[PDB]
Amino acid sequence: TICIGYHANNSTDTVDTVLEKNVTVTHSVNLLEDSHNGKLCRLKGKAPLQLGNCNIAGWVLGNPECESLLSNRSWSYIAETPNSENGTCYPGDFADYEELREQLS
Amino acid sequence: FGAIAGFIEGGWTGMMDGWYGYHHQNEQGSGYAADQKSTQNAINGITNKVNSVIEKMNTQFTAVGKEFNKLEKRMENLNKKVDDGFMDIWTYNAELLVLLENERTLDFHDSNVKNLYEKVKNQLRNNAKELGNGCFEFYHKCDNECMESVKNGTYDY
Amino acid sequence: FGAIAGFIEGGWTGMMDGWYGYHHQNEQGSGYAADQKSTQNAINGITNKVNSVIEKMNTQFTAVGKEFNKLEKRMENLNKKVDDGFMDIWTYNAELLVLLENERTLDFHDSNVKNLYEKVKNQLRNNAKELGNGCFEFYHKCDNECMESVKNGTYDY
Amino acid sequence: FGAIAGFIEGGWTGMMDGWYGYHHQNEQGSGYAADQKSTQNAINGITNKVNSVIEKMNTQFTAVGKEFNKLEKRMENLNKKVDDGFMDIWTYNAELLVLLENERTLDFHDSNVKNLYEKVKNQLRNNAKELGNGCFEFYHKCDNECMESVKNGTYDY
Amino acid sequence: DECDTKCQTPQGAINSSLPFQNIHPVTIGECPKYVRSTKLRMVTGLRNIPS
Ligand SMILES: *[C@@H]1O[C@H](CO)[C@@H](O[C@@H]2O[C@H](CO)[C@@H](O[C@@H]3O[C@H](CO)[C@@H](O)[C@H](O[C@H]4O[C@H](CO)[C@@H](O)[C@H](O)[C@@H]4O)[C@@H]3O)[C@H](O)[C@H]2NC(C)=O)[C@H](O)[C@H]1NC(C)=O
Ligand SMILES: *[C@@H]1O[C@H](CO)[C@@H](O[C@@H]2O[C@H](CO)[C@@H](O[C@@H]3O[C@H](CO)[C@@H](O)[C@H](O)[C@@H]3O)[C@H](O)[C@H]2NC(C)=O)[C@H](O)[C@H]1NC(C)=O
């Protein structure tokens with residue numbers, strides 16, 4: 001005889017269709033970035049400004065718990081930490097705070 | 001069509017070389033052959049299709065975050081509304097695009113084998129019993145010199 | 001294909017049981033039969049398709065309204081722009097999705113009957129005149145014991 | 001299907017009147033004929049399809065611009081985010097819609113000629129050698145009075 | 001870390017070749033659009049039937 005057929009594999013890959021769910025398939029590719037690398041990386045060739053135990057308020061005012069800037073710097077974004085509480089040690093209101101943060105990013 | 005998983009039931013595991021082809025029992029090699037055109041035109045088309053779902057989305061530099069003070073709740077909510085809006089649109093349009101174009105891809109293989117099967121039945125005519133399984137009993141069981149020429153689709157009478 | 005409203009012209013009103021099947025004139029029951037597989041696989045697929053256009057849209061809690069004072073017209077307009085934007089996107093994408101997937105649904109029935117017709121013609125072979133209407137004149141007008149077995153697609157010579 | 005650029009290879013330049021039809025060599029006119037129904041139903045359907053990609057987008061009056069002072073950078077960026085968002089959505093959805101519905105349009109012609117070819121082969125039966133090119137050698141080379149009646153699909157035995 | 005990316009997210013960076021990501025909605029850079037999805041797998045081949 002002579003037949004005409006197609007390929008089959010030992011692949012476990014399952015996909016969904018509009019007419020039937022969980023169809024097992026020979027070859028597939030992912031469209032969904034599900035994983036991240038867990039590290040702060042450089043953006044546009046620049047490293048972020050890392051404020052540490054300080055926030056922008058504390059850093060730009062010279063809160064004594066903030067590390068002072070040594071050289072001229074560039075940065076592509078600003079990184080704060082969940083425990084960056086050191087801002088205005090003498091209490092009061094910081095005018096247009098959010099605006100300044102956005103403009104310094 | 002009804003070629004894939006219709007009258008050609010299941011599939012073959014023995015084709016390490018391609019996606020479509022033939023299985024011949026005559027007087028020699030019982031192996032399988034790939035159709036380097038029926039297949040290398042599909043991969044030329046599928047990789048073209050994935051690469052355009054991937055790369056047709058150009059996206060600019062964007063910092064999504066916005067920070068608002070306690071007397072700016074309205075802005076905060078307007079901003080959240082915009083983020084929820086896009087999320088809802090891209091989530092719905094992506095999930096369905098994947099769903100629909102997957103069926104469009106599985107049909108592509110139906111239309112391909114059905115045309116490859118019709119590339120030999122509309123060529124061999126009444127020189128074989130047209131078994132419904134997707135297979136043809138040969139009247140002069142071609143040797144390996146002839147069978148390798150039906151791949152190119154070339155016969156005589 | 002050209003099965004539906006092509007060479008099978010109009011349709012039958014006498015099938016209270018299903019969507020696809022047969023009509024036999026032989027020596028007994030002149031009724032219609034449903035193909036409980038050709039049909040119960042379509043409903044398994046269509047209800048699957050509606051339920052995913054419905055349920056693939058998850059949507060969060062959202063209060064769309066925003067209120068602005070007479071010196072906040074810009075915000076008011078930015079907000080209105082966002083609402084008009086979504087309206088335009090969902091209105092256009094929905095109207096077209098309905099339009100396109102309706103044609104994809106009507107084709108589904110063409111590809112189904114054309115395969116059911118080809119499920120018996122590619123099985124009965126030259127034991128009937130293949131009338132273009134979508135109907136076959138039987139050489140040994142099968143009784144009700146045989147005709148009910150062509151439904152399963154089972155013959156002899 | 002495999003009709004267009006499959007077994008009917010290339011196409012004909014000689015049809016100033018329509019999109020689909022026939023070429024007959026018998027004993028008289030060597031010209032081409034248009035199928036004023038196979039064609040005037042396609043144009044009724046395509047112009048319907050373009051006119052709905054065009055006109056299903058209703059859009060309101062909108063002034064996209066917004067102006068912000070130097071202490072309103074956040075709003076400025078929120079606004080820019082909204083504009084980039086729509087741009088990204090309409091650019092991606094349009095590019096792909098054009099891409100996909102173009103293939104849906106080229107298939108439409110495959111399914112049309114394949115049904116027109118099957119409108120005469122499923123009608124003439126064994127009164128011609130069914131050449132794989134998409135052409136039929138006539139047993140009683142019909143004159144211009146008969147050939148113009150196969151267009152309507154009308155024969156005898 | 002001494003890495004470069006096109007897209008940084010609050011828990012880390014992400015490869016931005018894929019058009020959709022579900023890590024976090026509030027990103028910075030040239031990023032995949034955020035979706036609430038969990039699986040978006042697209043077919044390149046056929047269905048396995050080796051019974
Ligand atoms: C930089 O940031 C650190 C924190 O990351 C910050 O240290 C914190 O200082 C505050 C205020 O000096 C401390 O809070 C006090 O803790 C003592 C106990 O040790 C309490 O008695 C204090 O009572 C006050 O608040 C009570 C209500 O909570 C009132 O009832 C009472 O009357 C007082 O007002 C107060 O809670 C806090 O413990 C530390 N945290 C740490 C981790 O050390 C530091 O001051 C910042 N420095 C600068 C320059 O910004
Ligand atoms: C601190 O300031 C000095 C200058 O005041 C910075 O030096 C600059 O370093 C960059 C690094 O690449 C140089 O950029 C390059 O410039 C050429 C043109 O000269 C451009 O074609 C390249 O594409 C690239 O951008 C820049 O020229 C240089 N400037 C000077 C005046 O030398 C230094 O980078 C600053 N420090 C930090 C940490 O940012």
| message | Quick check on A:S11: is it surrounded by 12 or more Cβ atoms within 10 Å (Cβ to Cβ), among the small types (G, A, S) and closer than 27 Å to B:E95 by Cβ? | response | yes
| Matching residues in the range C:40-84 - criterion: being surrounded by 12 or more Cβ atoms within 10 Å (Cβ to Cβ), within 19 Å of C:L100 (Cβ to Cβ) and of a type in the set (S, T, N, Q) | C:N48, C:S52
| task | Scan A:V15, A:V23, A:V29 and give me the residue that is facing another protein chain (nearest Cβ under 7 Å), touching an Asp or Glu at 6+ places or on another chain (Cβ under 9 Å) and not hydroxyl-bearing (S, T, Y). | result | A:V23
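Could you say whether any residue in the range A:91-101 is hydroxyl-bearing (S, T, Y) and either more than 16 Å from ligand 1 (Cβ to nearest atom) or surrounded by 14 or more Cβ atoms within 10 Å (Cβ to Cβ) (or both)? It would help to see each step written out before you state the result.
As a first pass, look at the range A:91-101 and keep what is hydroxyl-bearing (S, T, Y): A:97.
Checking which are either more than 16 Å from ligand 1 (Cβ to nearest atom) or surrounded by 14 or more Cβ atoms within 10 Å (Cβ to Cβ) (or both) leaves us with A:97.
The answer is yes, given that some residue of the range A:91-101 is hydroxyl-bearing (S, T, Y) and either more than 16 Å from ligand 1 (Cβ to nearest atom) or surrounded by 14 or more Cβ atoms within 10 Å (Cβ to Cβ) (or both).
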| query | If you go through the range A:3-10 one residue at a time, do you hit one that is in a strand (DSSP E or B), polar (S, T, N, Q), over 27 Å from the mean Cα position of the chain (by Cα) and at the interface with chain E (Cβ under 7 Å from one of its Cβ atoms)? | reply | no
| remark: A:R42 vs (1) surrounded by 14 or more Cβ atoms within 10 Å (Cβ to Cβ); (2) out of contact with any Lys or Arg (no Cβ under 7 Å at 6 or more places or on another chain); (3) under 27 Å from B:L100 (Cβ atoms): all pass except (3)
| message | Looking at the range C:89-101, I want the residues that are facing another protein chain (nearest Cβ under 7 Å) and have a partner that is basic (K, R) and part of a helix (DSSP H, G or I) with Cβ atoms under 9 Å, at least 6 apart or on another chain. Which pairs are those? | response | C:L99/D:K49
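From the list B:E103, B:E145, which one is farther than 24 Å from B:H23 by Cα, out of contact with any strand residue (DSSP E or B) (no Cβ under 8 Å at 6 or more places or on another chain) and acidic (D, E)?
Details: B:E145 fails: farther than 24 Å from B:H23 by Cα.
Selected residue: B:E103, the only one of B:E103, B:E145 that is farther than 24 Å from B:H23 by Cα, out of contact with any strand residue (DSSP E or B) (no Cβ under 8 Å at 6 or more places or on another chain) and acidic (D, E).
Scanning for something within 16 Å of ligand 1 (Cβ to nearest atom), within 14 Å of chain E (Cβ to nearest Cβ) and farther than 25 Å from E:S17 by Cα, does the range A:47-59 turn up at least one residue? Explain how you work it out, then say what you get.
Here is the first cut: in the range A:47-59, the ones within 16 Å of ligand 1 (Cβ to nearest atom) are A:51-59.
Imposing the further condition that a residue be within 14 Å of chain E (Cβ to nearest Cβ) reduces the set to none.
No, there is no match, as no residue in the range A:47-59 is within 16 Å of ligand 1 (Cβ to nearest atom), within 14 Å of chain E (Cβ to nearest Cβ) and farther than 25 Å from E:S17 by Cα.
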| message | Among the listed residues B:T59, B:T39, identify the single one that is within 30 Å of C:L78 (Cβ to Cβ) and β-branched (V, I, T). | response | B:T59
| field | Number of the condition not met by B:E9 [criteria: (1) within 17 Å of A:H7 (Cβ to Cβ); (2) more than 14 Å from chain C (Cβ to nearest Cβ)] | value | (2)
| task | Answer yes or no: is there a residue in the range A:6-24 that is within 16 Å of ligand 1 (Cβ to nearest atom) and in contact with a helix residue (DSSP H, G or I) (Cβ under 8 Å, 6 or more places away or on another chain). | result | no
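Could you grab me the full set of residues in the range D:19-66 that are polar (S, T, N, Q), assigned to a helix (DSSP H, G or I) and within 22 Å of D:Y117 (Cα to Cα)?
Of all residues in the range D:19-66, those polar (S, T, N, Q) come to D:25-26, D:28, D:30, D:36, D:38-41, D:44, D:47-48, D:51-52, D:58-60, D:62.
Keeping just the survivors that are assigned to a helix (DSSP H, G or I) gives D:40-41, D:44, D:47-48, D:51-52.
Correct list: D:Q40, D:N41, D:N44.
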| Within the range E:19-51, how many residues are crowded, with 18+ Cβ neighbours inside 10 Å and touching a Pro at 6+ places or on another chain (Cβ under 8 Å)? | 6
| request: Return the total of residues in the range C:125-155 being within 26 Å of the chain's Cα centre (by Cα), of a type in the set (A, V, I, L, M, F, W, C) and in a strand (DSSP E or B). | output: 3
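Residues that are at positive phi and not acidic (D, E): does the range B:104-127 have at least one? Full working, then the answer.
Filtering the range B:104-127 for residues at positive phi gives B:125.
When the remaining residues are screened for being not acidic (D, E), the result is B:125.
Yes: one or more hits.
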| request: Only residues that are within 16 Å of ligand 2 (Cβ to nearest atom) and surrounded by 17 or more Cβ atoms within 10 Å (Cβ to Cβ): list them for the range A:46-69, please. | output: A:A47, A:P48, A:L49
| remark: All-but-one check, B:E27 against (1) in contact with a helix residue (DSSP H, G or I) (Cβ under 8 Å, 6 or more places away or on another chain); (2) away from chain C (no Cβ under 14 Å), failing number (1)
| remark: Picked from the range A:45-64 (must be in contact with a strand residue (DSSP E or B) (Cβ under 8 Å, 6 or more places away or on another chain) and part of a loop (DSSP other than H, G, I, E, B)), the residue farthest from B:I43 (Cα to Cα) is A:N63
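Report yes if some residue within the range B:91-101 is in contact with a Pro (Cβ under 9 Å, 6 or more places away or on another chain) and under 30 Å from C:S111 (Cα atoms); otherwise report no.
The initial filter retains those residues of the range B:91-101 that are in contact with a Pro (Cβ under 9 Å, 6 or more places away or on another chain), namely B:94.
Going one step further and asking which of them are under 30 Å from C:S111 (Cα atoms), we end up with B:94.
Within the range B:91-101, one or more residues are in contact with a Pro (Cβ under 9 Å, 6 or more places away or on another chain) and under 30 Å from C:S111 (Cα atoms).
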| message | For the range B:96-140, which positions are under 21 Å from A:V29 (Cα atoms) and hydrophobic (A, V, I, L, M, F, W, C)? | response | B:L96, B:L97, B:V98, B:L99, B:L100, B:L106, B:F108
| note | Of the candidates C:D107, C:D84, the one satisfying the condition of being outside any loop (DSSP other than H, G, I, E, B), more than 8 Å from every other protein chain (Cβ to nearest Cβ) and not β-branched (V, I, T) is C:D107
| query | Take the residues of the range A:65-90 that are within 16 Å of ligand 1 (Cβ to nearest atom) and out of contact with any strand residue (DSSP E or B) (no Cβ under 9 Å at 6 or more places or on another chain): which is nearest to D:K73 (Cα to Cα)? | reply | A:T88
| task | Inspect the range A:23-38 for any residue being touching a residue at least 12 places away in the same chain (Cβ under 8 Å), within 19 Å of E:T9 (Cα to Cα), touching a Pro at 6+ places or on another chain (Cβ under 6 Å) and more than 16 Å from ligand 2 (Cβ to nearest atom) and give the result as yes or no. | result | no
| query | With respect to C:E67, is the statement that it is among the acidic types (D, E), facing chain B (nearest Cβ under 9 Å) and more than 23 Å from B:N93 (Cα to Cα) true? | reply | yes
| task | Take A:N72 and decide whether it is within 16 Å of ligand 2 (Cβ to nearest atom), surrounded by fewer than 17 Cβ atoms within 10 Å (Cβ to Cβ) and over 24 Å from the mean Cα position of the chain (by Cα). | result | yes
| field | All positions within the range A:75-86 that are more than 16 Å from ligand 2 (Cβ to nearest atom), within 14 Å of another protein chain (Cβ to nearest Cβ) and surrounded by 11 or more Cβ atoms within 10 Å (Cβ to Cβ) | value | A:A79, A:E80, A:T81, A:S84
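Bear in mind that the values in this text are calculations on the coordinates, not laboratory data. Cβ: placed from backbone, ideal geometry, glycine included. Neighbour counts: every protein chain shown.
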